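# Structural characterization, general
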Amino acid sequence: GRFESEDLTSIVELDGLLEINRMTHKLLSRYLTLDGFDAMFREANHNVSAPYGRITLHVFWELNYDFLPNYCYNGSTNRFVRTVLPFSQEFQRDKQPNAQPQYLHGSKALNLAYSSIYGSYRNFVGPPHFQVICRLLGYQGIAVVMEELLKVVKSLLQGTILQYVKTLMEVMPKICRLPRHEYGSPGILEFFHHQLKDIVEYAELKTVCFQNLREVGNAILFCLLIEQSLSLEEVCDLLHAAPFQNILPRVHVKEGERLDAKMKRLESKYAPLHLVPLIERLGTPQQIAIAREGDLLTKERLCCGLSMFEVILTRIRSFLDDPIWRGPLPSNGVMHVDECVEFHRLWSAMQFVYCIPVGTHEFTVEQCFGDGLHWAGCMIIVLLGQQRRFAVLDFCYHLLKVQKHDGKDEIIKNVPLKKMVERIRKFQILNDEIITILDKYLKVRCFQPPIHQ
Amino acid sequence: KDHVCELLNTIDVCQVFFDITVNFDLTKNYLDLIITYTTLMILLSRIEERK
Amino acid sequence: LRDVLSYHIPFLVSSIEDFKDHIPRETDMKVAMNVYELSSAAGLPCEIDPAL
Amino acid sequence: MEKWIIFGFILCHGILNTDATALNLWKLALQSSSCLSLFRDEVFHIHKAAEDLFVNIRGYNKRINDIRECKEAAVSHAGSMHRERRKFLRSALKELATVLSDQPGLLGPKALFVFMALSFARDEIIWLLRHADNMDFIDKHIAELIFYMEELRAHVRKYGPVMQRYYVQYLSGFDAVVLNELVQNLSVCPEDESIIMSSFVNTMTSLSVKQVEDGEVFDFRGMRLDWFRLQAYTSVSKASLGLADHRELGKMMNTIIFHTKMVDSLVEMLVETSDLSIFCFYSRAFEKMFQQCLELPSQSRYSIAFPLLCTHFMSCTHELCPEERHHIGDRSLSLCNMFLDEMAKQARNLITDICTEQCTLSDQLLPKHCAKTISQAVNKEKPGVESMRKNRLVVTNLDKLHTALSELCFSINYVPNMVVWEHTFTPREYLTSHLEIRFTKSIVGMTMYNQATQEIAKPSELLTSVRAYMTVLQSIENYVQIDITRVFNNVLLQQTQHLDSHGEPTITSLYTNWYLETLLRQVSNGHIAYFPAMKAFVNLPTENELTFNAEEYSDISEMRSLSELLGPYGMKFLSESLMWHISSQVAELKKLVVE
Amino acid sequence: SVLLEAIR
Amino acid sequence: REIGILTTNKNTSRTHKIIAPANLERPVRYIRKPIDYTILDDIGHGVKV
């Protein structure tokens with residue numbers, strides 16, 4: 001209950017308290033015959049009569065209502081952090097329960113000490129939190145949480161995001177050429193700023209569209225990171241079953257020794273540790289059946305030859321069935337070039353919007369939204385198959401290229417040129433990385449020659 | 001070298017018409033042979049102990 | 001070790017404990033030594049230490 | 001063309017004085033360069049040799065001034081001109097390759113563009129290569145040019161059937177019709193010319209796409225050689241069907257021959273336009289370029305190009321010199337191996353720096369850092385602040401390392417494998433091997449074991465660092481197709497034995513030796529005692545001060561961390577090491593009893 | 001989602 | 001079983017850093033021959049002598 005009235009970052013304090021309780025149970029069991037700690041824990045978690053427990057339910061509640069809409073990812077450190085000027089304050093979490101000190105860590109001093117110890121985990125989310133989450137949710141909770149996140153992304157993409165996409169597609173220019181190098185960098189910046197004026201001045205853009213995109217990106221990032229943590233716990237679980245399953249390591253054969261005979265000697269050294277044959281020889285039919293089933297469960301883990309992220313990406317691709325995303329067939333029969341009827345051009349416009357320097361009294365996009373915004377945008381682009389067209393056709397990349405060529409620097413409508421190209425380069429690096437990862441995880445129309453009259 | 005000189009004399013007497021844009025292969029191969037012959041002679045000139 | 005193992009590989013550990021607890025007390029030393037050796041490898045405490 | 005113009009107009013020097021076109025062509029070629037390529041490594045210095053040749057002749061004195069002016073112009077402007085050309089070509093080929101990958105069907109209509117691009121890029125590269133060694137001759141972005149040349153070549157190789165279909169249809173539909181129309185419009189022709197042209201038409205009209213779908217191998221060497229024969233027949237003076245009067249036929253047949261090449265002669269075209277086997281004879285500069293590419297993080301995206309050039313080396317041999325073939329083959333193998341090895345090496349170095357940074361980050365969460373807070377709370381910086389991005393123009397060390405690692409891992413993952421002289425190289429196996437070796441070395445190096453002062457790292461801190469390393473490594477599956485679970489299994493199951501597969505001390509042995517020869521030894525001395533209350537060993541408050549705390553190694557948490565690291569194998573080894581000492585003591589006790 | 005209704 | 005819906009087999013394999021051919025490039029000797037002008041007469045419409 002104390003977990004249920006706190007944010008997601010308190011999962012570490014939760015498992016610490018659970019470990020204290022387990023140690024208490026172990027100590028008291030030396031003299032008293034209590035219920036197994038698993039039985040007590042399941043009874044307290046409402047996980048006996050029901051599939052999922054309170055901890056996983058609150059984990060999903062926290063995700064939905066506080067984690068996706070309030071945290072900012074950092075790619076290099078691999079950590080989330082709360083946003084500045086938070087978008088959601090409607091959580092209304094349960095009121096904290098209180099009790100005597102011996103139901104918490106054990107005393108006033110111990111309570112203070114442990115609170116100080118775990119206060120260090122409060123202002124970020126990172127690998128340790130994911131370890132605890134996986135370890136407490138198991139396959140059941142992980143699967144249910146991923147399914148619910150898929151439902152959330154489906155609702156968001158086919159809901160508010162779709163409406164804003166339609167509106168902005170209406171507002172975008174009908175035709176937009178990429179000017180030639182001879183036009184200049186200042187001229188090209190002025191041209192882009194004039195053409196995208198309606199998108200630049202759209203008030204609700206940065207406060208609604210970017211918020212929902214950040215939510216989607218945070219969801220997919222959570223799926224990726226939680227899968228990585230699950231694999232990392234599975235490998236450790238397997239490293240401990242090896243002795244009882246006969247998985248010897250490779251031994252060092254010195255001069256004049258046979259690897260096969262050496263390994264046979266090692267195997268016969270450890271043969272007493274091998275569990276299944278020992279029970280088969282000395283055990284009972286029911287014991288043998290249970291041992292076989294348990295060994296089969298133990299040795300087969302997702303870390304060895306299975307993956308989950310690609311299935312999530314395919315399911316998400318199945319949600320973009322509206323015709324607005326892909327647009328109508330190209331006139332020339334190959335691909336749109338100067339038209340703006342595809343999502344990747346809308347994203348290029350949004351990139352132009354958030355690559356402009358801002359005033360000191362305002363907040364930058366990475367201060368408010370982090371890296372989830374770009375993960376969402378690049379995911380949408382990649383799933384539709386528009387990544388290469390996006391790379392070739394893009395206002396910001398074109399401006400960066402031309403400015404690099406001619407090396408100019410001025411101010412256009414209160415937008416310094418050199419600073420803008422530097423920001424564009426940084427975001428280009430980030431976008432290339434994201435696109436490359438997404439392509440990695442996902443692993444012909446011929447034409448007729450002319451006919452003589 | 002001797003075979004090349006013979007073929008060049010033959011082409012000289014036959015009074016051939018060369019245009020890189022019309023008979024591409026003929027002109028290309030002619031100039032290629034002349035250049036290979038010249039480069040062979042120079043590369044030979046550069047071996048100090050041929051004698 | 002017992003605390004770690006009972007936490008990483010619960011199914012093997014449960015089978016091992018069930019096997020150790022309910023070995024017939026009329027068995028001789030030869031079989032009981034193998035049983036105890038497995039159990040000790042698992043971290044459980046045994047009346048007769050097989051390593052010693 | 002440069003060599004043709006220069007040497008040809010030297011040989012026919014008599015015309016430079018009478019024709020203005022000849023002189024202008026010669027002057028242009030002269031100022032376009034400063035040294036020609038006599039052979040793969042051989043070079044010819046133009047302007048000195050030309051002046052030496054022309055000084056003796058008495059009718060040529062304006063020519064010497066022309067040569068000197070061209071020399072000055074070359075030295076001044078050629079390097080900058082070619083630098084600008086390379087700059088242009090980099091973006092041009094990036095664009096072309098990206099578009100072609102997006103729409104692979106355009107390889108049919110736009111093949112000429114592919115081959116023009118390859119020719120231009122190859123010309124620029126070889127010009128720079130031969131001018132750098134002799135006499136703006138450092139290009140830091142050449143790797144990008146080479147990489148996109150290689151990518152265009154890969155496109156041509158994968159999507160060959162597309163071009164085959166397009167140009168089979170082109171020939172058999174359009175070219176047959178137009179050529180028959182032109183041929184039937186001829187007035188008089190001898191027997192052999194007529195037979196050759198009829199053969200052209202008949203072979204063209206018998207093609208069909210069905211042949212391409214089935215998978216037939218075409219052969220137009222006869223047709224190409226016949227067009228060359230007919231050129232010879234009609235180009236000689238005193239010929240009935242003079243070709244100087246039928247230029248349109250020559251142009252049409254040149255186009256037709258290009259189409260025939262695009263059908264059945266694709267790999268020959270690739271070798272003809274985009275062969276860079278000349279790097280086999282510029283090995284020093286080739287490796288210098290590789291190193292300079294690896295230095296820069298942005299350019300390290302294109303490191304895979306260099307090992308992919310080693311597949312070009314076998315094209316520089318000949319049938320009339322089979323001695324050097326083996327020598328060339330041996331050099332290519334060695335160079336490819338060295339390149340892939342160096343790439344894997346910087347991969348592991350970057351990963352190691354990142355793991356150091358992450359260990360520093362993850363040790364700031366240890367409980368030992370909360371003493372001040374508890375003391376203040378009783379008697380009377382913060383984590384997560386390093387990850388707050390105010391702006392993206394401020395770059396931290398961790399993000400530089402991250403960018404470099406991802407950028408290089410892009411190239412390490414570009415192609416599954418390459419074949420060099422029939423040997424298959426897999427660039428990611430190099431990475432797997434290096435990662436395993438470095439991981440083992442770092443595991444045993446983080447224990448900080450010191451025998452001279454019987455110091456060692458606490459089990460829990462070592463476990464924390466190991467987990468940080470494992471997370472950083474798990475993050476490498478985002479960029480490369482390796483299987484990191486294999487690395488973890490091997491490395492961490494080798495460390496539960498007394499010695500590793502390489503016969504070296506693993507952490508089981510180190511920790512067993514320390515626990516017996518320091519902790520329990522000092523306990524028997526009398527400086528430590530076992531408190532069953534705390535479930536640990538605790539230093540007694542004696543006059544001596546042991547240089548360690550016994551409770552920070554035997555605590556419940558520390559023993560659990562040690563069990564996590566060691567596993568049943570390591571714990572069995574520790575138990576055996578202890579029972580050895582018990583047996584010794586019991587032997588002494590038996591002696592005392594018997595006496 | 002509907003599980004949100006259930007938890008509510 | 002519930003989590004298995006979201007899974008899909010991943011393609012990862014073991015290989016060696018270098019794999020050599022079954023049979024190497026056996027070298028061949030240089031046997032001098034003269035320039036024979038009659039080796040292209042079976043290609044196309046040849047003109048023997």
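Residues numbered from 1 in each chain as written, not as in the entry; some residues may be left out. Chains lettered and ligands numbered in written order. Part of a larger assembly, values for the part shown. Heavy atoms only, no water.

In its metadata, the entry names cryo-EM as the structure determination method and reports 3.0 Å as the resolution.

### Re the overall build of chain D
From N to C terminus, chain D includes 23 helices and six strands. Taken over the C-alpha trace, chain D has a radius of gyration of 37 Å; the compact-globule value for 595 residues is 25 Å, which it surpasses by more than 25%. If one aligns the C-alpha atoms of chain D with their principal axes, the spans along those axes are about 130 × 65 × 60 Å. For chain D, the computed accessible surface area is about 28,100 Å², with 55% contributed by carbon and sulfur atoms. Averaging the positions of the 58 positive and the 71 negative side-chain charges in chain D gives two centres separated by 4 Å. (Helix = DSSP H or I, 4+ residues; strand = E, 2+ residues; numbered from the N terminus. Rg over C-alpha atoms; globule rule 2.2 N^0.38 Å. Areas by Shrake-Rupley, 256 points an atom, 1.4 Å probe, with all protein chains shown as cover. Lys, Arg positive; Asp, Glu negative; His and termini not counted. Charge placed at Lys NZ, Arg CZ, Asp CG, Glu CD.)

### Describing the pattern of salt bridges
All names here are of chain A. The tally for this structure, following the rule as stated, stands at 57 salt bridges over all chains. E182 serves as the salt-bridge partner of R180, at 3.3 Å between the closest nitrogen and oxygen. Residue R180 shares its accessibility class with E182, and that shared class is exposed. Its salt-bridge partner being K418, residue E422 comes within 3.8 Å of it at the nearest N-O pair. A residue pair is termed a helical-turn pair when its members lie 3 or 4 positions apart in one helix, as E422 and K418 do in helix α20 (residues 417-441) at four residues. (Salt bridge = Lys/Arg side-chain N within 4 Å of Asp/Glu carboxyl O. Buried < 20%, exposed > 50% of the residue type's maximum accessible area, 1.4 Å probe, protein only.)

### A closer look at the interface of chain D and chain A
Facing the 80 residues of chain D at the interface are 75 residues of chain A. Summed over both partners, the interface of chain D with chain A buries about 6,900 Å², with 60% contributed by carbon and sulfur atoms. Connecting chain D to chain A are four salt bridges. Across the pair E386 of chain D and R79 of chain A runs a salt bridge, and its minimum N-O distance is 2.3 Å. Looking at the side of chain D that touches chain A, the elements with two or more residues in it are α4 (62-102), α7 (160-184), α15 (324-363), α16 (371-379), α17 (397-412), α19 (459-474), α20 (484-494) and α23 (556-594) of chain D. Here the side of chain D that touches chain A takes nine residues from α7 of chain D, the largest share from any one element. (Contact = heavy atoms within 4.5 Å. Buried area = accessible area lost by both parts, 1.4 Å probe.)

### Description of the interface of chain D and chain F
Listed as interface residues are 27 residues of chain D and, on the opposing side, 24 residues of chain F. Surface buried jointly by chain D and chain F totals about 2,200 Å² across both partners, of which 55% is contributed by carbon and sulfur atoms. When the buried surface of chain D facing chain F is broken down by residue, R229, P322 and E429 of chain D rank first, second and third, together holding 20% of it. Counting the contacts that link chain D with chain F gives one salt bridge. Among the salt bridges present, the one from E25 of chain F reaches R325 of chain D, with a minimum N-O distance of 2.7 Å. Connecting chain D to chain F are eight residue pairs in polar contact. If you list the elements that add at least two residues to the side of chain D that touches chain F, you get α8 (191-205), α10 (221-235), α15, β4 (423-425) and α18 (427-446) of chain D. For the side of chain D that touches chain F, the element with the highest residue contribution is α10 of chain D, accounting for six residues. Sheet topology places β4 of chain D next to strand β1 (residues 18-19) of chain F; two bridges connect them, and they run antiparallel. If you follow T424 of chain D over to β1 of chain F, its bridge partner there is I19 of chain F. (Polar contact = N/O pair within 3.5 Å; in protein donor to acceptor, adjacent residues only side chain to side chain. Pairing = 2+ DSSP bridges.)

### Some remarks on a nonpolar patch on the surface
Taken together, the side chains of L28, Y31, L32, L34 and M40 of chain A define a hydrophobic patch exposed on the protein surface, amounting to about 500 Å² of accessible area. Looking at the secondary structure, you find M40 of chain A in helix α2 (residues 37-44). (Patch = residues over 30% accessible without salt bridge, like charges linked within 9 Å, V, L, I, M, F, W, Y side chains within 5 Å.)

### Overview of helix α13 (residues 309-317) of chain A
Within α13 of chain A the residues assigned to the buried category are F309, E310, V311, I312, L313 and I316 of chain A. Buried residues in α13 of chain A make contact with α5 (127-157), α9 (205-245), α17 (372-383) and α20 of chain A.

### Description of the nonpolar core
In this structure, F210 and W325 of chain A together with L179 and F439 of chain D are the most contacted members of the largest nonpolar core, which totals 291 residues. It is α9 of chain A that contributes the most residues to this core, 20 residues altogether. Discounting residues that sit within four places of it in the chain, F439 of chain D has contacts with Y469, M470, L473, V487, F488, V491 and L492 of chain D. Counting 25 residues, the second-largest nonpolar core is a separate cluster that includes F244, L275, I288 and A291 of chain A. (Core = buried A, V, L, I, M, F, W, Y, C linked by side-chain atoms within 4.5 Å.)

### A look at empty space enclosed by the protein
Of the voids in this model, the second largest cavity is the one considered here, and its volume is about 250 Å³. Contributing to the lining of the second largest cavity are 17 residues, with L239 and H240 of chain A together with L492, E564 and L565 of chain D lying nearest its centre. Where the lining of the second largest cavity is concerned, the elements lending two or more residues are α9 of chain A together with α19, α20 and α23 of chain D. At six residues, α23 of chain D tops the list of elements feeding residues into the lining of the second largest cavity. (1 Å grid on protein atoms, 1.4 Å probe; cavity = no way out; pocket = protein on both sides within 12 Å on 5 of 7 lines; lining within 4 Å. Points joined across faces, edges and corners; volume = space filled by probe spheres on them.)

### Digging into the packing of α15 of chain D against α17 of chain D
The description of two helices packed together rests on the angle between their axes and the distance between the axes. All names here are of chain D. The N-to-C vectors of α15 and α17 enclose an angle of 150°; their axes lie 10 Å apart at closest approach. Judged by the inter-axis angle, α15 sits roughly antiparallel to α17. For the pair α15 and α17, the crossing hand works out as left-handed. In contact with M343, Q346, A347, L350, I351, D353, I354, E357, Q358 and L361 of α15, α17 contributes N397, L398, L401, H402, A404, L405, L408, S411 and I412. Of the residues assigned to the contact of α15 with α17, the class counts are twelve nonpolar, five polar and two charged. (Axes fitted to C-alpha atoms, helices over the stretch in contact; angles between N-to-C directions. Parallel < 35°, antiparallel > 145°, perpendicular 65-115°, else oblique. Left-handed = near helix turned anticlockwise from the far one by under 90°. Nonpolar A, V, L, I, M, F, W, Y, C, P; charged D, E, K, R; others polar.)

### Quick look at the packing of α5 of chain A against α13 of chain A
All names here are of chain A. Look at α5 against α13: their axes get within 10 Å of each other, and the N-to-C directions meet at 30°. Here α13 runs roughly parallel to α5, going by the angle between their axes. Considering how the two elements wind past one another, α5 and α13 form a crossing that is right-handed. Contacts between α5 and α13 involve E147, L150 and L157 from the former and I312, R315 and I316 from the latter. Its residues assigned to classes, the contact of α5 with α13 comprises four nonpolar, no polar and two charged.

### A closer look at the environment of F395 of chain A
All names here are of chain A. Tracing the backbone shows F395 in helix α19 (residues 395-406). Along the backbone, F395 and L259 are 136 residues apart, and their C-alpha atoms lie at a distance of 63 Å. Discounting residues that sit within four places of it in the chain, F395 has contacts with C176, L178, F192, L196, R345, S348 and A349.

### Focus on helix α21 (residues 507-525) of chain D
All names here are of chain D. Relative to the 27 Å expected for 19 residues at 1.5 Å per residue, α21 spans 26 Å between its end C-alpha atoms, a close match to the ideal helical length. Its maximal kink placed at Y515, α21 deviates by approximately 30°. Among the residues of α21, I507, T508, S509, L510, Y511, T512, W514, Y515, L516, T518, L519 and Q522 are the ones counted as buried. Of the surrounding elements, those touching the buried residues of α21 are α18, α19, β5 (528-531), α22 (551-554) and α23. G526, located one to two residues past α21, shows a positive phi value of around 130°. (Expected span 1.5 Å × (residues − 1). Bend = angle between axes of the 7 residues up to and from the residue.)

### A closer look at the environment of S39 of chain C
All names here are of chain C. Relative to the helices and strands, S39 is located in helix α3 (residues 29-42). Take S39: its relative accessible area is 1%, and that puts it in the buried class. Through-space distance from the C-alpha of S39 to that of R2 is 10.0 Å; in sequence the pair is 37 residues apart. Dropping the residues within four chain positions of it, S39 is found in contact with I16, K20, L44 and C46.

### Some remarks on the sheet that holds strand β3 (residues 418-420) of chain D
Read across the sheet, three strands follow the order β3(D)-β4(D)-β1(F) without closing on themselves; strand pairing throughout is antiparallel. The open sheet terminates on both sides in strands that have one partner only, identified here as β3 of chain D together with β1 of chain F. Along the sheet, α15 of chain D makes contact with β3 and β4 of chain D together with β1 of chain F, crossing β4 of chain D at roughly 10°.

### Structural notes on the packing of aromatic side chains
According to the stated counting rule, one finds 47 aromatic pairs over all chains in the structure shown. Just above the ring of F410 of chain D sits the side chain of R301 of chain D; from NZ or CZ to the centre is 4.0 Å. Sitting over the face of the ring of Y430 of chain D, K17 of chain F holds its NZ or CZ atom 4.6 Å from the ring centroid. (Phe/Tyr/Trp six-rings, centres within 6.5 Å; stacked < 30°, edge-to-face > 60°. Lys NZ or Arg CZ within 6 Å of the ring centre and 35° of its normal.)

### Overview of unusual backbone geometry
You will see that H46 of chain A, though not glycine, has its phi angle at about 60°, which is positive. Along the chain, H46 of chain A turns up in the loop between α2 and α3 (54-67). The backbone phi angle of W421 of chain D is positive, close to 55°, even though this residue is not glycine. Turning to its location among the elements, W421 of chain D is positioned in the loop between β3 and β4.

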